[PDB]
Amino acid sequence: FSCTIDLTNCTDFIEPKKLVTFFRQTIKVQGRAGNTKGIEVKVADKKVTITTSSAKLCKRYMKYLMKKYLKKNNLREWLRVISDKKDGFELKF
Amino acid sequence: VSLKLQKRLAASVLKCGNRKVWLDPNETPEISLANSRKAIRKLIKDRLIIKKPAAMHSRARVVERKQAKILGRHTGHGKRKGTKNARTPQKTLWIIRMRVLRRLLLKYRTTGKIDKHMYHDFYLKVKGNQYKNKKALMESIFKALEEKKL
Amino acid sequence: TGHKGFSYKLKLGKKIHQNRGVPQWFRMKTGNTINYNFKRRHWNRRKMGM
Amino acid sequence: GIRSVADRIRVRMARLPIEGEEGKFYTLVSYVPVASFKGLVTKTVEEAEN
Amino acid sequence: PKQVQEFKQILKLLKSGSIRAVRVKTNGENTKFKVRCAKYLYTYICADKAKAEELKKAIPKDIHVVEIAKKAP
RNA sequence: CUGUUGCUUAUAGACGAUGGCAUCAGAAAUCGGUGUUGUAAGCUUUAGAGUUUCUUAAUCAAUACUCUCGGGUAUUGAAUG
RNA sequence: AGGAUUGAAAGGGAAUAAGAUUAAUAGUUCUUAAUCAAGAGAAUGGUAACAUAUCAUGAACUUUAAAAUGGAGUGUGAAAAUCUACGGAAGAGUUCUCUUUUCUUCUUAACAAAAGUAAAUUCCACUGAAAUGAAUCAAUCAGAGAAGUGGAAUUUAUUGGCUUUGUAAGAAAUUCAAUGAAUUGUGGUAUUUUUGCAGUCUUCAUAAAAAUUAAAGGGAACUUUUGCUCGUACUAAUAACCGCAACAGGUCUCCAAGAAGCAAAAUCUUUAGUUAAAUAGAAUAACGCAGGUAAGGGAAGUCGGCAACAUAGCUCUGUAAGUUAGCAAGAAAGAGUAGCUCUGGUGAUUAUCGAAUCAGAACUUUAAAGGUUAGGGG
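Protein chains in written order, with the deposited numbering: chain lW, 28 to 120; chain lU, 2 to 151; chain lo, 2 to 51; chain lf, 101 to 150; chain ln, 2 to 74.
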């Protein structure tokens, strides 16, 4: 299972390296926080992908957490998460 | 200017009530010129007329109650307002009781554990309310089978 | 009503045709005292009873 | 609701000239949320900024 | 509306002169040759694309053939 | 000189009346004093009867002590500055 | 040939649906897809029940059947709604305190087809039941023939009941981009409604007629055309009807979400409708209408417990005189009821899965039906 985050035009607002740390520390698979031993986020530069098949995860979970982070730094107003209908998510204004 | 005509039409076009229609307040001069459905159908695509979402009706409160009632959290004596027969009908506790028993009697007879003459004296015994549950019938069949071989 | 017979619909049609006021040009004749229609009625004032 | 009103409200008013003629003024009672009302006095706010 | 079940009648039906117009819909997996006769509308659901080509050459030139896709005409 | 008007006026009052002040006016908050209720919200006392688990820890857990004589309210017809 | 006319927009009746459109009409218009009527161009199979994309001749006369029929209560098949399990796709809400979280959409007609597959009832063929059996919640049935095995027919909101298929995704719903793009699995031994089936019960009640249609007994001799007349707007009511009116009166029906309970009760909310419906502001006197409370006593008030107060749900124990032996009886009287954490009992398939229901034990508190609904007794 794979899911990607498109940061091609919002990268000025969000540094992609920052999201990498946020996902590994907040994603829960069996119930704890930061237990993303089987899940890798890597870098992928302009995009961010999870592409982990060792855990029971869902596409909508990423949208839940992506919307969760967008409220962490009061960035929800200027952005909006929109799926690209091709196994991934993209951000617009 | 009254926009009653421009709001009723957008209720039929969007297939929603007059309360769910949202006409832009900043575009009153533009909306007020749409006196026909073909004009209203162009405002909706221009997002000057949108459809309000329904009010949220969360069932999270009820689900946690039904989950607690499973463990018997609330099924007390002061939380019952109805008669014992009303909550648990006496007829349907016995309709199911025999269907549980008479199915076992036929299952053993078909299998070959018991014969027609023994299954006949057990059909009426079940019918007379002698065995309270399924467990208390297989024990009696087990008992009456040993007396057979003597 | 929803279901009206033919001889009954044409009589209603005449009772809406007769429920009209004086034409403007008629009142401007000479010695014309017919300024208003006094045989008029309305649906909420007088039921025509028919 | 209609049956209740906040016990204490910390409002802010501003006398401003009207859009049409500057000789006629009008007030605009704003709202200033406050965590607590301890030590809050009737303060005259003056921005004086560019 | 009726449905034909195999190649025997659909090929026979097209050669007959009662046919009014023919429509073909190309779905994701299969294709239906909804020929329109005098009375009903007969359709054959073909899954093998090769067997559709021989069906696409059997229509007489004297009738209107409309090829539909993921967008209605 | 009196009356109106103002303090959405009190020691008065159905309306008038009556009583006080009218720039040393008056009002509004705030801080004290004085009262009413009963210990606020956040986390801690393996307090906590047990269940669940990792498999020999955490999770959930009415209630419950510490901060707490705490929070909230207090003229509206209460009294100071 | 056997008896004339009228008599029902709730009785009988040949045949139509989905999507879209209008400032209003749409089972009436447009697109697509159907159906009916009237025309026009002397047969086989199965032991039997019975069966063959019109087929397979069938006049006079006669008969049978359908149209065609009360109610009560129980059980059950199916669909829809609600609830819910697994897996998701798209969007929306909350987020400094947390929540793999809460919500919305994920649909399909008339008419036809037969991959797969049900419940009930009535019949047929083989054999002939006793040591009597078969079966239902209840019944009920059998040597004028039970049970068993194999078959046949009919009902189950159009063909053939459910899934499935043509219609049909090209429609529609939910999203994205500025006309073009994405998705539309599978379950449930849950509650209600609707519609059928099966037997049971009740009548000194037995609960319509014809048009019209089919069969039997008898043996006399695929295409195309047309479908005329009349109603169709609107309210159907705390403003379109009747009451002298925008009168708190009266007026026959269909559709029906969540919480909670025994309950279509009272109370709150979702889709939908409305914020106006014989004018408002100020002051907060008397006397009022409507709703309340009270020290000590408790009917001494009064024609009279008028009015008001009080008992109230459920579980367990107990329940007198009298009596038409059925009743009195919820007689009277007494005990329990909360919250949290647990345990056990009630089933299907060969450990998994599903239902609200009953019982019991610890610990805590403000010691528990009482917000609403809700017997005063002798």
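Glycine included, each C-beta is placed from N, C-alpha and C at the ideal position.
Handout entry: Distance CB(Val134 of chain lf)-CB(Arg110 of chain lf) smaller than 7 Å
Key = yes
Problem - Terminal residues of the alpha helix (DSSP H) in which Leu46 of chain lW lies - result: Where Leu46 of chain lW is concerned, the enclosing alpha helix (DSSP H) stretches over 43-53.
Practice task
Please classify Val23 of chain ln: is it buried, with 16 or more other beta-carbons within 10 angstroms of its beta-carbon, or exposed?
Solution key: buried
Exercise for the section: Compute the Euclidean distance between the alpha carbons of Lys136 of chain lU and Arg74 of chain lU, then round it to the nearest angstrom. Expected result: Computed Cα separation, rounded: 29 Å.
Handout entry: Status (buried if at least 16 other CB within 10 Å, exposed otherwise) for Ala61 of chain lU
Key = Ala61 of chain lU should be labelled exposed.
Exercise for the section: Would you tell me roughly how many angstroms separate the C-alpha atoms of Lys26 of chain ln and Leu14 of chain ln, rounded to the nearest one? Expected result: 18 Å
Problem - Chain-order list of residues whose beta-carbon lies under 6 Å from that of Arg37 of chain ln (same chain, five-residue window excluded) - result: Cβ neighbours of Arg37 of chain ln beyond the five flanking positions: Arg21, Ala22.
Exercise for the section: Return helix, strand or coil for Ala12 of chain lU, following the three-state DSSP convention. Expected result: helix
Practice task
Starting from the Cα of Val141 of chain lf, find the closest Cα among lf:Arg112, lf:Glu121, lf:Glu147, lf:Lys124 and give me that residue.
Solution key: lf:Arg112
Problem - Outcome for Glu117 of chain lW when other beta-carbon atoms lying within 10 angstroms are tallied against a minimum of 16 - result: buried
Practice task
Kindly indicate which three-state DSSP category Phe143 of chain lU falls into: helix, strand or coil?
Solution key: Secondary structure at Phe143 of chain lU: helix, using DSSP grouped into helix, strand and coil.
Handout entry: Best match in lU:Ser37, lU:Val127, lU:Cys17 for proximity to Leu4 of chain lU [C-alpha to C-alpha]
Key = lU:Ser37
Problem - Exposure of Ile109 of chain lW, with buried meaning 16 or more beta-carbon neighbours within 10 Å - result: exposed
Handout entry: For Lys33 of chain ln, the first and last residue of its enclosing beta strand (DSSP E)
Key = 32-37
Exercise for the section: Report yes if the CB atom of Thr35 of chain lW is closer than 7 Å to the CB atom of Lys73 of chain lW, and no otherwise. Expected result: yes
Practice task
Identify whether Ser8 of chain lo lies in helix, strand or coil by the three-state DSSP scheme.
Solution key: Secondary structure of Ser8 of chain lo (DSSP, three-state): helix.
Exercise for the section: Assuming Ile45 of chain lU contacts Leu24 of chain lU (C-beta within less than 8 Å), just tell me the rounded distance between them. Expected result: Between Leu24 of chain lU and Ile45 of chain lU the Cβ distance is about 11 Å, and since that is not below 8 Å, they are no contact.
Problem - Run of the alpha helix (DSSP H) containing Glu65 of chain lU, from where it starts to where it stops - result: 61-71
Exercise for the section: Taking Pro133 of chain lf as part of the alpha helix (DSSP H), name the residues at either end of that continuous run. Expected result: In the DSSP assignment, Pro133 of chain lf falls outside any alpha helix (DSSP H) and carries neither an H nor an E.
Problem - Local conformation of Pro117 of chain lf per DSSP, three classes - result: strand
Handout entry: With 16 other Cβ atoms within 10 Å as the buried cut-off, status of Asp33 of chain lW
Key = buried
Exercise for the section: Specify the secondary structure class of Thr111 of chain lU as computed by DSSP and reduced to three states. Expected result: helix
Exercise for the section: Could you check how far apart the C-beta atoms of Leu84 of chain lW and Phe40 of chain lW are, in whole angstroms? I think they sit under 8 Å. Expected result: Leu84 of chain lW to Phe40 of chain lW, Cβ: 26 Å. No contact.
Handout entry: Neighbour-count burial assignment, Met89 of chain lW, 16 or more Cβ in a 10 Å radius
Key = buried
Handout entry: Whether residue 162 of chain lU touches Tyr124 of chain lU by CB criterion (7 Å)
Key = This structure gives no information on residue 162 of chain lU, because the portion of chain lU shown stretches from 2 to 151.
Practice task
Identify whether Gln131 of chain lU lies in helix, strand or coil by the three-state DSSP scheme.
Solution key: DSSP places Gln131 of chain lU outside both helix and strand once states are collapsed to three, so it counts as coil.
Handout entry: Residue environment, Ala11 of chain lU, which counts as buried when at least 16 other CB atoms sit within 10 Å
Key = buried
Practice task
Mark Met49 of chain lo as exposed unless 16 or more other C-beta atoms lie within 10 angstroms of its C-beta, in which case mark it buried.
Solution key: By the neighbour-count rule (16 or more Cβ atoms within 10 Å), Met49 of chain lo is not buried but exposed.
Practice task
Measure the C-alpha to C-alpha separation of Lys21 of chain lU and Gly3 of chain lo and round it to an integer number of angstroms.
Solution key: 33 Å
Problem - Spatial neighbours of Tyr126 of chain lf in its chain, beta-carbon cut-off 7 Å, leaving aside the 5 residues before and after - result: Excluding residues up to 5 positions away in sequence, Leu116, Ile118 lie with their Cβ nearer than 7 Å to the Cβ of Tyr126 of chain lf in the same chain.
Problem - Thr144 of chain lf - containing beta strand (DSSP E), residue span - result: From DSSP, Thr144 of chain lf is part of no beta strand (DSSP E); its letter is neither H nor E.
Practice task
Measure the C-alpha to C-alpha separation of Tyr91 of chain lW and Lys53 of chain lU and round it to an integer number of angstroms.
Solution key: Approximately 23 Å, taken between the alpha carbons.
Exercise for the section: Apply the 10 Å Cβ neighbour rule to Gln91 of chain lU and answer buried if 16 or more other Cβ atoms are within range, or exposed otherwise. Expected result: exposed
Problem - Run of the beta strand (DSSP E) containing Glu31 of chain lU, from where it starts to where it stops - result: Looking at the DSSP string, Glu31 of chain lU is not in any beta strand (DSSP E); the run it does join, the alpha helix (DSSP H), is 29-32.
Problem - Residue burial classification, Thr89 of chain lU (beta-carbon count within 10 angstroms, cutoff 16) - result: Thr89 of chain lU should be labelled exposed.
Problem - Backbone CA spacing between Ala87 of chain lU and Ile96 of chain lU [nearest angstrom] - result: 16 Å
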